[PDB]
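One structure is given below, encoded as structure tokens.
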Amino acid sequence: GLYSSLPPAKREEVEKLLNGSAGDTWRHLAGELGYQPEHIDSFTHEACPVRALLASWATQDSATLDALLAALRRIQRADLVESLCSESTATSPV
Amino acid sequence: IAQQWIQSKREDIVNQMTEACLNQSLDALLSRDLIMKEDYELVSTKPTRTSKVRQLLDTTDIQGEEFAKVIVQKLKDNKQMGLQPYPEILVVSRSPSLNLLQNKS
């Protein structure tokens, strides 16, 4: 499966759990996806940095879910992956 | 698992990691691109041995399992017997975290 095949409601949960866990999460992921730690430091000054990383990676061929889940392991942040595997079931009528 | 463990034995890791252990964990942290030079200098300025480990724990707030496991995995090489019950290390293969299931209609 590709990250571009996911529904809009799933991508919203990933953004919410990134931004609600930390502000450097996407930077670590970028570093292990092929970017550089000091190079992302200029990217953090953008208006849509989290969305720009996901967009610039989704335009590549490595944008697969199996690779994304394993890319959190590189940085050592299984906390993002485990939070999402436990936070798959949350909705209300309100 | 390691995110919970770093909040169980937080008072043991600082007492077990003398100072040379912190320098080795720091080199290993930068190898994973999880810490920028902009904040990796703030952990290396601390003039007090125990205060070095304080700034290292302040990054764990944003990191969760990353700056946590680096401690557990450094102390393993030094086998100090203070923390033998270490947490997990990267047990996910393809869990229902990011994976799709929904479709049009």
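So you can find residues: chains in the structure tokens are A, B, ... in the order shown, residues in each start at 1, and ligands are numbered from 1 in order.
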Practice task
Would you give me, as an MDAnalysis selection string, the residues of chain A that come within 8 Å of chain B, using only C-alpha atoms?
Solution key: chainID A and resid 1 5:7 10 14 21:25 27:28 31:32 36:38 41 65:66 69:70 73:79 81:88
Go ahead and save the residues from that selection, with C-alpha atoms, as an mmCIF file, in the first residue's frame.
data_model
loop_
_atom_site.group_PDB
_atom_site.id
_atom_site.type_symbol
_atom_site.label_atom_id
_atom_site.label_comp_id
_atom_site.auth_asym_id
_atom_site.auth_seq_id
_atom_site.Cartn_x
_atom_site.Cartn_y
_atom_site.Cartn_z
ATOM 1 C CA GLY A 1 0.000 0.000 0.000
ATOM 2 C CA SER A 5 -3.890 5.474 -1.188
ATOM 3 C CA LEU A 6 -4.939 6.383 2.431
ATOM 4 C CA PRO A 7 -8.231 8.307 3.047
ATOM 5 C CA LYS A 10 -6.366 8.785 8.251
ATOM 6 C CA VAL A 14 -1.200 11.096 11.591
ATOM 7 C CA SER A 21 3.338 14.262 20.538
ATOM 8 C CA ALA A 22 6.127 16.724 19.466
ATOM 9 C CA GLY A 23 7.455 19.413 16.997
ATOM 10 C CA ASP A 24 10.632 17.602 15.754
ATOM 11 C CA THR A 25 8.913 14.234 14.855
ATOM 12 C CA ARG A 27 12.435 16.165 11.186
ATOM 13 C CA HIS A 28 13.691 12.841 12.569
ATOM 14 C CA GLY A 31 16.641 12.535 8.288
ATOM 15 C CA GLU A 32 16.180 8.723 7.991
ATOM 16 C CA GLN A 36 19.820 15.866 6.709
ATOM 17 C CA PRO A 37 19.380 17.181 10.334
ATOM 18 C CA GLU A 38 20.874 20.674 9.662
ATOM 19 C CA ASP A 41 16.435 23.230 10.283
ATOM 20 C CA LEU A 65 3.314 2.089 4.353
ATOM 21 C CA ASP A 66 5.656 -0.827 5.211
ATOM 22 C CA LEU A 69 6.265 2.201 9.698
ATOM 23 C CA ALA A 70 9.891 0.934 9.525
ATOM 24 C CA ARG A 73 12.102 2.438 13.874
ATOM 25 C CA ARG A 74 15.280 4.068 12.417
ATOM 26 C CA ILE A 75 14.929 7.205 14.595
ATOM 27 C CA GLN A 76 13.934 4.819 17.521
ATOM 28 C CA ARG A 77 10.372 6.369 17.799
ATOM 29 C CA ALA A 78 8.243 3.227 18.070
ATOM 30 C CA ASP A 79 6.106 5.521 20.356
ATOM 31 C CA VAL A 81 3.819 3.652 15.658
ATOM 32 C CA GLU A 82 2.448 2.143 18.907
ATOM 33 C CA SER A 83 0.325 5.279 19.643
ATOM 34 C CA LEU A 84 -1.285 4.921 16.181
ATOM 35 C CA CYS A 85 -1.793 1.098 16.589
ATOM 36 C CA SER A 86 -3.651 1.806 19.919
ATOM 37 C CA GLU A 87 -5.427 5.040 18.672
ATOM 38 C CA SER A 88 -7.134 3.488 15.569
#
Exercise for the section: Can you work out which one of B:40, B:54, B:72, B:77 has the shortest atom-to-atom distance to residue 27 (chain B), counting only C-alpha atoms? Expected result: B:40
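Using only C-alpha atoms, the smallest distance between any of A:43, A:3, A:26, A:35 and residue 64 (chain A) comes from A:3.
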